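What follows is one chain in structure tokens, specifically the form deposited in one PDB entry.
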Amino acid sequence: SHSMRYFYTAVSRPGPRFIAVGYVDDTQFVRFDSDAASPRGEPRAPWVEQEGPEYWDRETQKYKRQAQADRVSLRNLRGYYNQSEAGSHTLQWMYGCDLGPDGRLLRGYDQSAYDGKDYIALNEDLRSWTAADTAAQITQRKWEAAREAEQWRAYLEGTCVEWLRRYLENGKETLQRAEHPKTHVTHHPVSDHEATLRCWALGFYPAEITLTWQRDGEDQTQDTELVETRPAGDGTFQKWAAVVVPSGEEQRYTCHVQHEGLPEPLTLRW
């Protein structure tokens, strides 16, 4: 599957920083920062640099417009929760497509957060809203009266998805070409009767990977310490899964990596 998603952040400064980023799968392609001389939407991927100045003027239009509403929204949220004006507060925006088998919308998103907690989110049916508290019910009532969910349907199943398909063709040589993981296993003792088998996976795109340590063929779901898929810095990602095994029993454990870049799931053995 494929996905486009935007991530907005607005932080209130007493006496507001507005950052927005756009992703196609695990590849960033656009950025807007209010803390710039002449703030503009700028390309972070090669396949959006070929878009015309008309596209970027249009993109910068909504960014500067949304930063204005984020100034109004952060101030409205202050009175909603009756908080003082001396503190900093965060308001995030998460919306985007999820592409399906044929090419149509699989899932649509439109989520708002306030201070790390859920605020209001467009339901999956793209007709109803889920308010997280009585303060968000004010925003909900505001949006049902203006038929905001009608606008999101036309975007998510329309402009959203059509442009996700457009990016995946204009950048098909990178967005649709998967890189296989370069895997290896390390072995470190933690006792005189115990060891740690660590299964590595480096330089793979996309970031979707599942590393599993199986003893005797069966999944050791727990006892398998796993870390966040981290970026390598060049567009690829890394990840490792570890398991603490008794010494002399390491020949019983096998690592299993499945990634879109692999022709078949490969079996590792330190």
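Take the two forms, superpose them, and find the largest set of C-alpha atoms that agree within 1.5 Å; that set is the rigid core. Residue numbers here begin at 1 and follow the sequence given.
Report, from the record, the number of residues in the deposited sequence between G15 and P16 that have no coordinates, as none, 1 to 3, 4 to 9, or 10 or more.
Gap between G15 and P16: 1 to 3 unmodelled residues.
Stretch with the greater mean C-alpha B-factor as recorded in the entry, comparing 189-197 against 170-178:
170-178 has the higher mean C-alpha B-factor.
Should the higher mean CA B-factor in the entry be assigned to 225-233 or to 29-37?
The recorded data point to 29-37.
Taking the values straight from the PDB record, which of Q140, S112, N82, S128 has the highest C-alpha temperature factor?
If I rank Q140, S112, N82, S128 by C-alpha B-factor, first place goes to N82.
Name the third of the chain's ranked CA B-factors that contains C255, choosing lowest, middle or highest.
According to the entry, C255 has a C-alpha B-factor in the chain's highest third.
Assigned third (lowest, middle, highest) for the C-alpha B factor of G22
For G22, whose C-alpha B-factor we compare with every modelled residue in the chain, the answer is the lowest third.
Based on the deposited C-alpha B factors for this chain, I'd like to know if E162 is in the lowest, middle or highest third.
Middle third of the chain for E162's C-alpha B-factor.
Please place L262 in the lowest, middle or highest third of its chain by C-alpha B factor as given in the entry.
It belongs to the highest third of the chain when residues are ordered by C-alpha B-factor.
Lowest, middle or highest third: where is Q214 by Cα B-factor in its chain?
Top third by C-alpha B-factor.
What follows is about the form deposited in another entry, which we do not show.
Does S247 move its CA by 2 angstroms or more between this form and the one not shown when the core is aligned?
Shift at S247: 2 Å or more after core fit.
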